[PDB]
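These are the residues of each chain, in order.
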Amino acid sequence: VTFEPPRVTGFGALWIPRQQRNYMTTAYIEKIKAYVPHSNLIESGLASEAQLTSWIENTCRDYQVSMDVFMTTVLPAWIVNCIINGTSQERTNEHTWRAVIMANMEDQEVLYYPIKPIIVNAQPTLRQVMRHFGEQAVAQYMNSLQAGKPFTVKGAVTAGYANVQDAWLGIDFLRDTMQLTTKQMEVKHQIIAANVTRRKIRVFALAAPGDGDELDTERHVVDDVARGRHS
RNA sequence: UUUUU
C-alpha cells in the first residue's frame, strides 16, 4: 500500500440541515478554517473594542491627560491598584485611588486621583473592562514577586489563600479564558467563592412617599369638618 | 450577564 488515497471528503457523518446543503461545500470548509479569532475578543464577559476605547477616551479627558501618557504611566498604576484592592463597583466610596511615584524600589510620594471618573466611564462595569488586562496583571504580579516585595492580592487573602508563590488566580478580573490547568481551575474557583461572603439586593427603598393623605379646606367653620351639621 | 470594597 504505497499509495493510500486522499479522502478529505469531509461532511459525511456531520449532519447538515437541508437549508444549508446548497452552501455546505468543500470550498466552504477551507473558508471557515481561517476564521479562528482570539477566544478573548468574542465573549460577552469583556468590554468590546467600541466600549473599551470609550472608557480609555472618557477617563483621560476627565483627567485632562493625553492618551499616550494614560496608556503608559497611569494604566500600570491602575492595574497594580486593582491587583491590591478589588475591582468592585462600590469602591467609588473611596473617592480617591492612590498611585506612588517610585525612584529606585523606594516610595517617594503618593499621588491621588479621583476614582469616580475611572469607574463610571467603564460602560459594561469596570470588572469587564479590566478583564482585558488580566493577562498583564499576572505578569506584573510575577515581576513584583521577582523583586522580593510581592503584592497583596485582596481576593487571595480574603479567601484564605496564603500561598505567595501563586497568590494570583485571586485577581478580581480574570475571565479564565487563558488555558488554566485543572490544578489551578479549582484554586481559582474556590477563591471565586468569595462571592457568597456578601448578599446583594436588586432594588433600593424606592423614592420618597408618593402621598400620605391630603387636605383641602377653607372659610370659617369647624377645625376639620366644613360646617358639620347633618343630625 | 451581574455578584469578589
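Residues numbered from 1 in each chain as written, not as in the entry; some residues may be left out. Chains lettered and ligands numbered in written order. Heavy atoms only, no water. Residues with missing side-chain atoms left out of burial classes, pairs and counts.

Looking at the PDB entry, chain A carries the name Polyprotein, with the source organism given as Sweet potato mild mottle virus. The deposited PDB record carries the title "CryoEM structure of sweet potato mild mottle virus VLP".

A. Layout of the packing of aromatic side chains. Measuring from centroid to centroid gives 5.9 Å for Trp 55 and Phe 70, while their planes differ by 75 degrees, and the two rings are edge-to-face. Of this pair, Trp 55 sits in helix α2 (residues 49-63) while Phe 70 sits in helix α3 (residues 67-84), placing them 15 residues apart in sequence. Geometrically, the ring pair formed by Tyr 63 and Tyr 113 is tilted, given 5.9 Å between the ring centres and 55 degrees between the ring planes. In this pair, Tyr 63 is assigned in helix α2 and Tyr 113 in strand β2 (residues 107-113), connecting sequence segments 50 residues apart. Joined through ring pairs, the aromatic side chains of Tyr 63, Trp 78, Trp 97 and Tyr 113 make up one cluster. (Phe/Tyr/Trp six-rings, centres within 6.5 Å; stacked < 30°, edge-to-face > 60°. Helix = DSSP H or I, 4+ residues; strand = E, 2+ residues; numbered from the N terminus.)

B. Inspection of the pairing of β2 at higher detail. The sheet contact formed by strand β1 (residues 97-102) and β2 spans six bridges and is antiparallel. By the bridge assignment for β2, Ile 101 is matched with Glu 109. (Pairing = 2+ DSSP bridges.)

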